[PDB]
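Input: a single structure, listed below in structure tokens.
Any read-out appearing in this document is the output of simple, stated calculations on the displayed coordinates, not a laboratory observation. Here the Cβ positions follow ideal geometry from the backbone for every residue, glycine too, while neighbour counts run over all protein chains shown.
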Amino acid sequence: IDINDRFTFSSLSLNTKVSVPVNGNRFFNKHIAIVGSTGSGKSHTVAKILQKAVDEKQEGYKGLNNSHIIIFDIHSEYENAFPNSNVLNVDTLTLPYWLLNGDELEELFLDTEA
Amino acid sequence: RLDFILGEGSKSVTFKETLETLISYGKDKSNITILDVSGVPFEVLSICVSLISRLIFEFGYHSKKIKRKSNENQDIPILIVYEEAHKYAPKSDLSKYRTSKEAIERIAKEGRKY
Ligand SMILES: Nc1ncnc2c1ncn2[C@@H]1O[C@H](COP(=O)(O)OP(=O)(O)O)[C@@H](O)[C@H]1O
Ligand SMILES: [Mg+2]
């Protein structure tokens, strides 16, 4: 990996001094699949990758970078990992029903069993 | 047979009195509340299980809505035991047990927060 495209969020298991970079150019645009069991730490791995993707900058400016990450947080756990983020629960989200398509609008209102 | 669901006592019972009966917060307080549904009719057993399951669920749901306001550690954690869990929650899509399926599934997906 080139030094500009290097993205480090982990180190080698058998050698903690060896940083393991990924091609962060190619790490994100192609889709990522983080798989493990419950209690393996995949919520921590997701959080650590996104923290590393947020604090990093081009160094020519001061402020927020251009990362845009949307988390479908269902266990109410990523509030702590990103304290300076925008969190939207039911009491704050306003999702318009009219932006739903015909397929979504059928499930919201009809019953399908009868 | 349907005196528990349609008797004269069921007309005059208070909504508060129903919850403390199902949860054992009445005059006689108990940690365990046995719900003997042996003599309940089978065409009615789905209706009674679904209602008690929902009433306990919104008891825990509405407890969290005052807990955000009260911001104090005073919780009532509830564990519901379903002997013959395959009966009130079958994989069959037949209409006889859909109400008890929907109530148990609602505790399965959302009951962890509440
Ligand atoms: N890279 C890591 N190093 C050390 N401990 C970790 C690491 N990742 C997760 N853990 C710990 O393991 C536990 C598992 O949580 P986590 O893996 O985030 O849950 P899940 O895998 O169920 O989403 C966490 O409490 C965390 O403290
Ligand atoms: Mg998790």
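Coordinate range of the alpha-carbon atoms in the protein assembly as shown per principal axis, descending: 79, 44, 39 Å. The chymotrypsin sites (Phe, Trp or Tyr not before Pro) found in region A:57-114 that occupy coil by DSSP, while having at most 10 further C-beta atoms within 10 Å, are A:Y61, A:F72.
Using the Cβ-Cβ distance between A:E59 and A:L105 with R0 set to 30 Å, the FRET efficiency from 1/(1 + (r/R0)^6) comes to roughly 0.05.
Over all projection directions, the Cα-based convex hull of chain A averages an area of 11.9 nm². Between the C-alpha center of region A:24-57 and that of region B:36-114 there is a gap of 36 Å.
Principal-axis analysis of the Cα atoms of chain A puts helix A:42-52 at an angle of about 60° to the longest axis. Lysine pair count for chain A (Cα-Cα distance under 24 Å; residues 8 or more apart in sequence or on different chains): 11.
The GluC sites (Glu not before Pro) of region B:48-114 meeting both criteria, a DSSP state outside H, G, I, E and B (loop) and at most 16 other C-beta atoms within 10 angstrom of the site's C-beta, are B:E72, B:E83, B:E84. Quick test of the membrane-span-like rule: which DSSP H helices of chain B reach at least 27 Å along their long axis (C-alpha atoms) with mean Kyte hydropathy at least -0.5? Helices passing the filter in chain B: B:42-70.
Both numbers refer to the Cα atoms of region A:74-114; Rg and Dmax are 15.4, 47 Å. Rounded to the nearest whole angstrom, the semi-axes of the ellipsoid equivalent to chain B, taken from the Cα gyration tensor as √(5λ), stand at 25, 20, 12, largest first. Computed from the C-beta positions of B:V37 and A:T112 and an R0 of 41 Å, the FRET efficiency is 0.90 to the nearest 0.05.
More than 11 Å apart: what percent of Cα pairs in region B:42-88 qualify?
Above the 11 Å cut-off, region B:42-88 has 73 percent of its Cα pairs.
Label sites at B:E17 and A:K52, each approximated as a point 7 angstrom past Cα along Cα to Cβ, lie 6.3 nm apart.
By the equivalent-ellipsoid construction on the alpha carbon gyration tensor, region A:1-42 comes out with semi-axes of 21, 17, 6 Å, ordered largest to smallest. On the basis of the beta-carbon distance and an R0 of 22 Å, B:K27 and B:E84 show a calculated FRET efficiency of 0.15.
In a DSSP loop and with at most 14 other Cβ atoms within 10 Å, the trypsin sites (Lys or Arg not before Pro) in region B:1-42 are B:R1, B:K27. Shielding value for B:41-50 is 0, the average number of Cβ atoms from other chains within 10 Å of each residue's Cβ.
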